[PDB]
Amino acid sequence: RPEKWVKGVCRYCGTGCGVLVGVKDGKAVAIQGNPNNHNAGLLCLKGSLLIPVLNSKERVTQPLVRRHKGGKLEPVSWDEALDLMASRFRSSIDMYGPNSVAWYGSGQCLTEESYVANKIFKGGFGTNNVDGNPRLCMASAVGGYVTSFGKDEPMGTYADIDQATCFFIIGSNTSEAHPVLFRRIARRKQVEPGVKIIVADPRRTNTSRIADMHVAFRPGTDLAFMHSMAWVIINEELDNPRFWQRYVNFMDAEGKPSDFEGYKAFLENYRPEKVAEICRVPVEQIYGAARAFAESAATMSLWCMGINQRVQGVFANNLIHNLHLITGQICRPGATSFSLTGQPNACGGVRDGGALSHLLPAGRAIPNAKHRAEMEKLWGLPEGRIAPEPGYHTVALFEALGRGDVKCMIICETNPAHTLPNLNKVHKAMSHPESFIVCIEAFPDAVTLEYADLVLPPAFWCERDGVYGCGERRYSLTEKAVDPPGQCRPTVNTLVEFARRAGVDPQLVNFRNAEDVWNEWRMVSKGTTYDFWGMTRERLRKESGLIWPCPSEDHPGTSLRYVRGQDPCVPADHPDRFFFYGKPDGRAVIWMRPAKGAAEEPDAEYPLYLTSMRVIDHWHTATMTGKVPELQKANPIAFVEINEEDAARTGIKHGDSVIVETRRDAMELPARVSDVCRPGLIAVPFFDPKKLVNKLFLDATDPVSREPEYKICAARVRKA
């Protein structure tokens, strides 16, 4: 029975549910949803079963070191570990320059931890080799928002779910991936049965059971589909000229200035009857989706990896925004283009904090000299300290590691040997005989540890305080509830000490705790369109999150970005009601992106599309949810989804052990025959360690966002 309730944030998905941890003095005994956060006291099963994870004894509790490659990992002193880390890094820089070292973090790191590691590597060591797992996830969405709007992050919030009359949910298994959000959507349609829901996804998931229409298009053909929708919208005069004539600019297929007539001319290449067959769907779906979208009083789009993990990821994102831009379904309650963020802090930590290889904090960019100067000034650095060239993006980083270009790397709160694409190649790279890899990891079963040279024990989740920035621009504090076990220390501290010992000027890592970094980061944001200066620690302790922009302590936060009278970044006296200030002329942009396909399409030899997806019970690599026995009762191990019509003709029965094979590897999996995967598609989950499916997937990335195409590759199947 709890004596105190410590306010936090769920450790899992980007829905970012507020949580209250009940501690019976010393130990966490219960957990309940924070009634004051957006989730209003509700949590899904994974969140509900957080305590068994926090109290698990199967943790990394003391530093470990592997004296030599291929050898046993053994205990080592914290002091001996920090000196080892600092000497190896400093030497590498002294010998080969900053670009020989790198930081590979994640959207699961507290904002404060990502900010510190970013600053160390960029302002301290002078290398921009700072990336993270959000590159495997939200990079395409960032690209989409910056190219369409000139600023990252959604312009709306979760609250828009309550006023939308239409939901266009594409490339998102919302029920299994953002449970609390799916419930809020299902609730909306229950309160108002008139609400229409279109679910576009090659797979028929539980998300489609509340859908008015399920568009099961051929993998990769959604750009054609969405262009077709705009064709219909224009053709049936369902567009909003009063809006686009005043707030939109058009760009042709070659990226040059164009106009409405050019948009119409381009769209002629995407007529419904032609696209319906490209997409392998009934032509009525194109008309229906378009009409529901444009005729509705307020439409909201929501999408996830099915859109982002694509070589055309940034373009697919632009197409979704085009729909809202041509119809004016934006900047009003219930109407917005809402990218769903997968991780708890891919937003606050990596995106907003600029902890990616080409970024600087608060929407600054490495290639921009005024930005580099601005940062050198804020961080008290000597002119020119920040390298002008962006560092390696994730896939390139592990490639550099495999070549010996990157000799020292810190992997923190991610499991790359399990989750990076094209594993066989990645494993070879991580096995470089002369590399020095330091893993900050909470659970010993993470496969990446088999590659680590030094393992450091971190304080897990609420064992320390920190901020998480979820998908709706909401910044929420998680206060420390219990003490870290064994020798576990807060990564914020471990970083500050690693820096000092590595030679970094002490004025740079001038932090005792997370609150100290929050105050500097608060300063670094001041004046920018991210400005969250009003989010003091005290306000964050008392509030269940605040949504930025939040400039002064007396400012309530912002739900409607780009809207006069709502967004503080839009002059009180701006002449127009909307202002897309991320663009020089205040106008958003519609892009006539040509629809292509996957990097590796099916052919004679490998006739099927292979996709990979989430399952509600398991969180990623399962080093955390794998400790909760209840979560293992439905899908204990991996399987391969095969379509009914394909199985029959292929001669495969349900339960059969089948070999899924791509050009990169073959893996045996039990077949799960159903109508989930449309014909010509198979799907594998990645939660099982004994079945590392990323060994099957290709390594191609969107040339702009550099996000890998985990969603599509070519395969062949056979009975084992």
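One-based numbering along the sequence shown.
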query	finding
551 to 559 versus 276 to 284 - which carries the larger mean C-alpha B factor in the record	551 to 559
Mean C-alpha temperature factor, higher of 623 to 631 and 328 to 336	623 to 631
Candidate set 222, 505, 176, 160 [ranked by C-alpha B-factor, highest]	505
Per the PDB entry, maximal CA B factor within 355, 198, 316, 369	369
Residue 578 by Cα B-factor - lowest, middle or highest third of the modelled chain	lowest
Residue 143 by Cα B-factor - lowest, middle or highest third of the modelled chain	lowest
Residue 61 CA temperature factor, ranked by third within the chain	highest
Position of residue 565 among the chain's modelled residues by C-alpha B-factor, lowest, middle or highest third	highest
Assigned third (lowest, middle, highest) for the C-alpha B factor of residue 39	middle
